[PDB]
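As provided, start.cif (mmCIF, C-alpha atoms) reads as follows.
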```cif
data_run
#
loop_
_atom_site.label_atom_id
_atom_site.label_comp_id
_atom_site.auth_asym_id
_atom_site.auth_seq_id
_atom_site.Cartn_x
_atom_site.Cartn_y
_atom_site.Cartn_z
CA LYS A 107 0.47 -3.19 27.60
CA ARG A 108 0.94 -2.32 23.93
CA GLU A 109 1.26 -6.07 23.32
CA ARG A 110 1.15 -7.73 26.76
CA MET A 111 -2.51 -6.81 27.22
CA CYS A 112 -2.98 -8.09 23.67
CA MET A 113 -1.43 -11.41 24.69
CA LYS A 114 -3.69 -11.64 27.75
CA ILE A 115 -6.89 -10.85 25.86
CA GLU A 116 -6.09 -13.10 22.89
CA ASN A 117 -5.82 -16.05 25.30
CA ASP A 118 -8.70 -18.58 25.33
CA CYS A 119 -9.99 -17.00 22.08
CA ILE A 120 -8.00 -18.68 19.29
CA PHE A 121 -8.67 -22.42 19.05
CA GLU A 122 -6.05 -24.68 17.50
CA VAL A 123 -6.50 -27.54 15.03
CA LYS A 124 -4.84 -30.94 15.53
CA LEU A 125 -6.12 -33.79 13.35
CA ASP A 126 -3.12 -35.48 11.65
CA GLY A 127 0.21 -34.07 12.82
CA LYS A 128 -0.50 -30.60 11.41
CA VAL A 129 -1.73 -27.40 13.08
CA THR A 130 -3.27 -25.06 10.50
CA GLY A 131 -6.76 -23.85 11.40
CA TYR A 132 -6.98 -20.98 13.89
CA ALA A 133 -10.54 -19.91 14.77
CA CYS A 134 -11.43 -16.85 16.86
CA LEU A 135 -14.80 -16.41 18.57
CA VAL A 136 -15.90 -12.79 18.10
CA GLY A 137 -19.20 -10.94 18.24
CA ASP A 138 -21.37 -13.89 19.37
CA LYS A 139 -20.12 -15.77 16.28
CA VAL A 140 -16.97 -17.47 14.94
CA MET A 141 -15.27 -17.94 11.59
CA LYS A 142 -12.42 -19.86 9.97
CA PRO A 143 -10.98 -19.94 6.43
CA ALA A 144 -12.90 -22.83 4.88
CA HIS A 145 -10.46 -23.27 1.98
CA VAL A 146 -8.19 -24.95 4.55
CA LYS A 147 -9.91 -27.65 6.58
CA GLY A 148 -9.62 -27.92 10.35
CA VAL A 149 -10.98 -29.80 13.36
CA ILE A 150 -12.65 -28.10 16.33
CA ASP A 151 -10.73 -28.96 19.49
CA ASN A 152 -13.49 -28.78 22.10
CA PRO A 153 -16.36 -31.27 21.56
CA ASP A 154 -18.93 -28.77 22.89
CA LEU A 155 -18.66 -26.57 19.78
CA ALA A 156 -17.53 -29.35 17.41
CA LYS A 157 -20.88 -31.17 17.46
CA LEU A 158 -22.71 -27.94 16.57
CA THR A 159 -23.00 -27.35 12.84
CA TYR A 160 -21.25 -24.53 10.99
CA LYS A 161 -22.15 -22.29 8.07
CA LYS A 162 -20.39 -22.70 4.72
CA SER A 163 -20.01 -19.97 2.09
CA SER A 164 -18.28 -20.94 -1.15
CA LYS A 165 -17.02 -17.49 -2.19
CA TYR A 166 -16.25 -16.21 1.34
CA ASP A 167 -14.93 -19.53 2.82
CA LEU A 168 -16.01 -18.61 6.36
CA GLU A 169 -18.11 -20.55 8.87
CA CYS A 170 -20.36 -19.51 11.76
CA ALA A 171 -21.64 -20.96 15.02
CA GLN A 172 -24.23 -20.16 17.69
CA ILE A 173 -21.90 -20.05 20.70
CA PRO A 174 -23.66 -20.60 24.06
CA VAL A 175 -23.41 -18.42 27.16
CA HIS A 176 -20.79 -20.20 29.30
CA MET A 177 -18.11 -18.79 26.96
CA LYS A 178 -20.06 -15.64 26.04
CA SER A 179 -17.28 -13.39 27.39
CA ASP A 180 -14.56 -14.72 25.05
CA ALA A 181 -14.79 -12.05 22.33
CA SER A 182 -13.87 -8.44 21.57
CA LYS A 183 -15.95 -5.28 21.03
CA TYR A 184 -15.42 -5.22 17.22
CA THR A 185 -15.20 -1.55 16.36
CA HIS A 186 -15.14 -0.46 12.70
CA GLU A 187 -13.10 2.69 12.01
CA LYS A 188 -9.61 2.63 10.47
CA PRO A 189 -7.08 5.50 10.56
CA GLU A 190 -3.59 5.05 9.10
CA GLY A 191 -1.75 3.87 12.20
CA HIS A 192 0.07 0.84 13.55
CA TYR A 193 -2.16 -1.98 14.78
CA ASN A 194 0.23 -4.80 15.79
CA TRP A 195 -0.42 -8.56 15.94
CA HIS A 196 1.20 -11.76 17.19
CA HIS A 197 4.31 -11.41 14.95
CA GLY A 198 5.46 -7.80 14.67
CA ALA A 199 3.54 -4.57 14.25
CA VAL A 200 1.00 -3.82 11.50
CA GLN A 201 1.60 -1.25 8.76
CA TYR A 202 -1.50 0.36 7.23
CA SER A 203 -1.21 2.89 4.41
CA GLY A 204 -3.36 3.57 1.36
CA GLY A 205 -6.21 1.40 2.60
CA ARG A 206 -4.01 -1.70 2.59
CA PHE A 207 -2.02 -4.04 4.84
CA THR A 208 1.70 -4.75 4.56
CA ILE A 209 4.02 -6.84 6.76
CA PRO A 210 7.71 -7.23 5.83
CA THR A 211 8.59 -10.50 4.13
CA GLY A 212 9.60 -13.39 6.37
CA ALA A 213 7.90 -12.04 9.50
CA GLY A 214 5.20 -14.70 9.20
CA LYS A 215 4.94 -18.03 7.40
CA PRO A 216 2.46 -20.18 5.45
CA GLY A 217 0.17 -22.04 7.83
CA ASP A 218 -0.27 -19.02 10.12
CA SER A 219 -3.55 -18.12 8.39
CA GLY A 220 -6.46 -17.69 10.78
CA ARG A 221 -4.64 -15.56 13.34
CA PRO A 222 -6.92 -12.58 14.09
CA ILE A 223 -5.54 -9.07 14.35
CA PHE A 224 -6.73 -6.18 16.48
CA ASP A 225 -5.84 -2.60 17.31
CA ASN A 226 -3.81 -1.04 20.12
CA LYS A 227 -7.01 -0.50 22.13
CA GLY A 228 -7.86 -4.21 21.87
CA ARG A 229 -10.63 -4.00 19.24
CA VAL A 230 -10.73 -6.73 16.59
CA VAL A 231 -10.39 -5.59 12.98
CA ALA A 232 -9.66 -8.52 10.66
CA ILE A 233 -8.35 -12.05 10.15
CA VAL A 234 -5.51 -12.83 7.74
CA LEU A 235 -6.17 -15.23 4.85
CA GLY A 236 -2.70 -15.29 3.30
CA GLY A 237 -0.07 -13.41 1.37
CA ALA A 238 2.58 -13.60 -1.33
CA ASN A 239 6.33 -13.05 -1.18
CA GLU A 240 6.31 -9.52 -2.61
CA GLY A 241 9.65 -7.72 -2.49
CA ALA A 242 10.61 -6.83 1.07
CA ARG A 243 7.02 -6.25 2.31
CA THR A 244 4.43 -8.98 1.75
CA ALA A 245 0.89 -7.69 1.31
CA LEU A 246 -2.05 -9.21 3.20
CA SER A 247 -5.54 -10.56 2.58
CA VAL A 248 -8.07 -9.72 5.29
CA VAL A 249 -11.74 -8.92 5.92
CA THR A 250 -12.97 -5.38 6.64
CA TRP A 251 -16.51 -4.09 7.06
CA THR A 252 -18.30 -0.75 7.40
CA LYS A 253 -20.95 -1.72 9.99
CA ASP A 254 -21.69 -4.63 7.62
CA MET A 255 -20.72 -6.21 4.27
CA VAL A 256 -17.58 -8.19 4.96
CA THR A 257 -15.33 -7.90 1.91
CA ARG A 258 -12.21 -9.59 0.59
CA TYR A 259 -9.25 -7.31 -0.18
CA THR A 260 -6.61 -9.38 -1.99
CA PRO A 261 -3.97 -7.55 -4.07
CA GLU A 262 -2.50 -8.98 -7.26
CA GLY A 263 -0.75 -12.33 -6.97
CA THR A 264 -1.51 -13.15 -3.33
CA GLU A 265 -1.15 -16.81 -2.35
CA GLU A 266 -3.18 -18.40 0.43
CA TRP A 267 -1.70 -19.90 3.59
CA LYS B 107 17.83 16.55 8.37
CA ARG B 108 15.82 18.48 5.78
CA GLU B 109 16.16 16.60 2.47
CA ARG B 110 18.55 13.67 3.07
CA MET B 111 15.76 11.35 4.22
CA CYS B 112 13.87 12.10 1.00
CA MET B 113 17.05 11.51 -1.01
CA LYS B 114 17.05 8.08 0.61
CA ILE B 115 13.34 7.71 -0.23
CA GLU B 116 13.58 7.99 -4.01
CA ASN B 117 16.77 5.92 -4.23
CA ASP B 118 16.38 2.73 -6.31
CA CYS B 119 13.09 4.11 -7.72
CA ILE B 120 14.11 6.29 -10.68
CA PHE B 121 15.37 4.31 -13.67
CA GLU B 122 17.38 5.38 -16.72
CA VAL B 123 16.77 5.96 -20.42
CA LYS B 124 19.84 5.99 -22.67
CA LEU B 125 20.43 4.41 -26.08
CA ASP B 126 23.43 6.29 -27.56
CA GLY B 127 24.93 9.05 -25.42
CA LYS B 128 21.76 10.80 -24.25
CA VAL B 129 19.99 10.45 -20.89
CA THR B 130 16.61 12.21 -20.82
CA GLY B 131 13.67 10.05 -19.71
CA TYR B 132 13.49 8.95 -16.07
CA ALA B 133 10.91 6.31 -15.15
CA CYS B 134 9.40 6.70 -11.66
CA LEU B 135 7.91 3.81 -9.67
CA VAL B 136 4.79 5.65 -8.50
CA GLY B 137 1.41 4.02 -7.95
CA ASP B 138 2.33 0.42 -8.85
CA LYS B 139 3.28 1.44 -12.40
CA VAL B 140 5.90 3.22 -14.50
CA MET B 141 5.78 6.18 -16.88
CA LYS B 142 8.11 8.51 -18.76
CA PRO B 143 7.81 11.69 -20.86
CA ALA B 144 6.30 10.61 -24.19
CA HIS B 145 7.72 13.72 -25.88
CA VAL B 146 11.12 11.97 -25.87
CA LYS B 147 12.01 8.44 -26.90
CA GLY B 148 12.34 6.09 -23.95
CA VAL B 149 14.52 2.97 -23.88
CA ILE B 150 14.30 1.10 -20.58
CA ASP B 151 17.65 0.64 -18.83
CA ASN B 152 16.63 -2.56 -17.02
CA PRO B 153 15.78 -5.44 -19.41
CA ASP B 154 13.44 -6.90 -16.77
CA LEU B 155 11.07 -3.91 -16.87
CA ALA B 156 11.05 -3.63 -20.68
CA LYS B 157 9.18 -6.90 -21.30
CA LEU B 158 5.74 -5.46 -20.51
CA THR B 159 3.80 -3.38 -23.03
CA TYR B 160 2.83 0.24 -22.34
CA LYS B 161 -0.09 2.52 -23.14
CA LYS B 162 0.08 5.76 -25.13
CA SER B 163 -1.76 9.04 -24.57
CA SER B 164 -2.13 12.06 -26.84
CA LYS B 165 -1.97 15.17 -24.64
CA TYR B 166 -1.19 13.63 -21.24
CA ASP B 167 2.00 12.27 -22.95
CA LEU B 168 2.51 9.60 -20.28
CA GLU B 169 2.58 5.81 -20.29
CA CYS B 170 1.43 3.07 -17.92
CA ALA B 171 2.24 -0.56 -17.19
CA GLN B 172 1.05 -2.98 -14.52
CA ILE B 173 4.10 -3.47 -12.29
CA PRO B 174 5.33 -7.02 -11.59
CA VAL B 175 4.79 -8.54 -8.18
CA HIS B 176 8.13 -7.78 -6.49
CA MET B 177 8.71 -3.98 -6.61
CA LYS B 178 6.22 -2.42 -4.20
CA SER B 179 8.87 -2.06 -1.48
CA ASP B 180 10.03 1.19 -3.18
CA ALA B 181 6.68 2.94 -3.61
CA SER B 182 5.82 6.42 -2.37
CA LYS B 183 2.44 7.36 -0.89
CA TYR B 184 1.63 10.06 -3.48
CA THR B 185 -1.36 11.40 -1.54
CA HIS B 186 -3.16 14.25 -3.32
CA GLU B 187 -2.62 17.55 -1.49
CA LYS B 188 -1.82 20.96 -3.01
CA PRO B 189 -0.94 23.69 -0.50
CA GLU B 190 1.48 26.56 -1.17
CA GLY B 191 5.02 26.09 0.10
CA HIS B 192 8.41 24.50 -0.50
CA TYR B 193 8.56 20.90 -1.71
CA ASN B 194 12.15 20.49 -3.06
CA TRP B 195 13.34 18.41 -6.03
CA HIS B 196 16.59 16.91 -7.33
CA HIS B 197 18.21 20.38 -7.59
CA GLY B 198 17.12 22.65 -4.75
CA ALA B 199 13.76 23.72 -3.38
CA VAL B 200 10.66 24.60 -5.40
CA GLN B 201 8.25 27.52 -5.00
CA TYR B 202 4.56 26.88 -5.70
CA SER B 203 1.75 29.43 -5.62
CA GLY B 204 -1.33 30.20 -7.69
CA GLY B 205 -1.38 26.83 -9.46
CA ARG B 206 2.11 27.27 -10.92
CA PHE B 207 5.26 25.25 -10.32
CA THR B 208 8.10 27.77 -10.57
CA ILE B 209 11.88 27.50 -10.27
CA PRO B 210 14.69 30.09 -10.02
CA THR B 211 16.32 30.82 -13.36
CA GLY B 212 19.28 28.64 -14.31
CA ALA B 213 18.34 25.54 -12.30
CA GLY B 214 17.30 23.61 -15.43
CA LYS B 215 18.87 22.04 -18.51
CA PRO B 216 17.78 19.78 -21.38
CA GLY B 217 17.73 16.07 -20.64
CA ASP B 218 16.51 16.13 -17.02
CA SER B 219 12.78 15.51 -17.53
CA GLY B 220 11.11 12.78 -15.51
CA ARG B 221 12.23 13.96 -12.07
CA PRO B 222 9.50 13.11 -9.54
CA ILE B 223 8.62 16.38 -7.83
CA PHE B 224 7.66 15.42 -4.29
CA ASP B 225 6.28 17.22 -1.26
CA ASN B 226 8.25 18.27 1.81
CA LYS B 227 6.60 15.43 3.76
CA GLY B 228 7.83 12.60 1.52
CA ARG B 229 5.06 11.98 -1.05
CA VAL B 230 5.65 12.34 -4.77
CA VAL B 231 3.47 14.99 -6.43
CA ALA B 232 4.16 15.08 -10.16
CA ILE B 233 6.65 14.48 -12.99
CA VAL B 234 8.72 17.11 -14.77
CA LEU B 235 8.01 17.50 -18.50
CA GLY B 236 9.10 20.93 -19.70
CA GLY B 237 9.20 24.65 -19.07
CA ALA B 238 10.76 28.00 -19.96
CA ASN B 239 11.95 31.17 -18.25
CA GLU B 240 9.61 34.13 -17.74
CA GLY B 241 11.47 37.18 -16.45
CA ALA B 242 13.37 36.16 -13.31
CA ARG B 243 11.61 32.79 -12.93
CA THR B 244 11.13 29.60 -14.96
CA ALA B 245 7.76 27.89 -15.30
CA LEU B 246 7.14 24.14 -15.22
CA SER B 247 4.69 21.66 -16.74
CA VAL B 248 3.61 18.65 -14.67
CA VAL B 249 0.72 16.25 -14.07
CA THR B 250 -1.43 16.51 -10.94
CA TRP B 251 -4.50 14.65 -9.74
CA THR B 252 -7.31 15.45 -7.30
CA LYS B 253 -7.48 11.81 -6.12
CA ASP B 254 -8.44 11.03 -9.75
CA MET B 255 -8.51 12.63 -13.23
CA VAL B 256 -4.86 13.53 -13.82
CA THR B 257 -4.67 16.90 -15.58
CA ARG B 258 -2.13 19.08 -17.37
CA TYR B 259 -0.92 22.69 -17.25
CA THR B 260 1.08 24.49 -19.91
CA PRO B 261 2.44 28.06 -20.08
CA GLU B 262 3.10 29.82 -23.36
CA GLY B 263 6.63 29.45 -24.69
CA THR B 264 7.20 26.19 -22.83
CA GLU B 265 10.10 24.03 -23.98
CA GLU B 266 10.33 20.38 -23.05
CA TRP B 267 13.78 19.48 -21.76
#
```

Please express what this file holds, its structure, as structure tokens.
Amino acid sequence: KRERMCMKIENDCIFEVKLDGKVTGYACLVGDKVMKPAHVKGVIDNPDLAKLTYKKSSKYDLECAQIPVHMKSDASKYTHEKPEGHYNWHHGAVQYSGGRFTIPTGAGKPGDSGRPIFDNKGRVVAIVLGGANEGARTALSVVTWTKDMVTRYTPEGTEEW
Amino acid sequence: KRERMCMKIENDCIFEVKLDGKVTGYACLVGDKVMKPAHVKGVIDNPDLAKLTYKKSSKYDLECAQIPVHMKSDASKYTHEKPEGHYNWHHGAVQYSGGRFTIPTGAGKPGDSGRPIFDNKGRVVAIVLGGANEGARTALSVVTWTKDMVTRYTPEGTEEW
């Protein structure tokens, strides 16, 4: 269940985007709210949440919604405490050292931005914004908080997916 | 399996300095930057790395340069930790106690400065600059940091190699 339980719990959470022959936006409902990278535009699949308005922050490019109760149980427990250990996601494990993320080059691809990541215990940690082809291990660009204050952590030269 | 994995670790990291029949300075890819003993003249072996400009220090006699965006795949973890024990270097183990890097007599020679002294666990600790023999032992002179504020230590009679 190191990743099978992850596959089961990630189901029904990530919502796809299909507007004109392209699938880019991946939105995850977590902590009574939801977010998506606003620098890339997407369309909400289900009409129930689509008609509801969303927040828009220019310098954080994330949205928000007031999700009702009939899908209230479609989120994680969102802990906030980060040792230096493997975390794993949909494509390969996660390497965390020196307060930073690194995934070897070619494991992912542009357009995969929006996939949330979460620990071995099943607790959500961050959502990837993009990365740049650095050597043999592409860095990441995610959001991390200490009980509050979501922050952007983008190394030098990162390129958005 | 005591030092071979380390020997693999610092492969492709140390560069060369040689202009006409002399090989002294050894640049180490530590902390997303390069440096070499300022007490000797340093000509960069790889033309790619020599395009950037470097900084100069008076007593710390070390340089710096923001690394390009495709050589972080060969970076150590360089975590600050100073216990007493054996850490090993390019030629044999190293004995450290009482804030003094010390080597058995005879294990040094001129033109070997710039060797990254690294811990037994695989993290680089410091860079070799110079030293001299004192009785049955030879002292060293390196740069260490307590998570910040790199410092310097120098015994009397020291000779830079």

I'd like the residues picked by the PyMOL selection byres ((chain B) within 12 of (chain A)) written out as a list in words, using the chain letters and numbers from the file.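 Output of the PyMOL selection byres ((chain B) within 12 of (chain A)): residues 137, 138, 172, 173, 174, 175, 176, 177, 178, 179, 180, 181, 182, 183, 184, 185, 186 and 253 of chain B.
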
Go through B:206, B:218, B:196, B:154 one by one, measure the shortest atom-to-atom distance of each to residue 259 (chain B) using only C-alpha atoms, and give the residue with the smallest value.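 Checking each candidate against residue 259 (chain B), we get B:206 as the closest.
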
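The residues returned by the PyMOL selection byres ((chain B and resi 126-130) around 9) on the shown structure are residues 122, 123, 124, 125, 131, 132, 143, 146, 147, 148, 216, 217, 218, 219, 220 and 267 of chain B.
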
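Interatomic distance, CA of residue 265 (chain A) to CA of residue 235 (chain A): 8.9 Å.
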
Quote the spacing between CA of residue 191 (chain B) and CA of residue 165 (chain B) in Å to one decimal place.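 Rounded to one decimal, the two atoms are 27.9 Å apart.
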
Pairwise distance, CA of residue 247 (chain B) with CA of residue 266 (chain B), equals 8.6 Å

Pair the Cα atoms of chain B and chain A in order, fit the first onto the second, and let me know the RMSD in Å. 1.0 Å

How would you write, as a PyMOL selection string, the residues chosen by the PyMOL selection byres ((chain B and resi 187) around 12) on this structure? chain B and resi 183-186+188-191+193+224-232+250-253

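Residues within 7 Å of region 158-161 of chain A, counting all atoms listed in the file and excluding same-chain residues fewer than 6 positions away, are residues 169, 170 and 171 of chain A.
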
From the options B:255, B:195, B:222, B:201, which residue's atoms come nearest to residue 121 (chain B), counting all atoms listed in the file? B:222
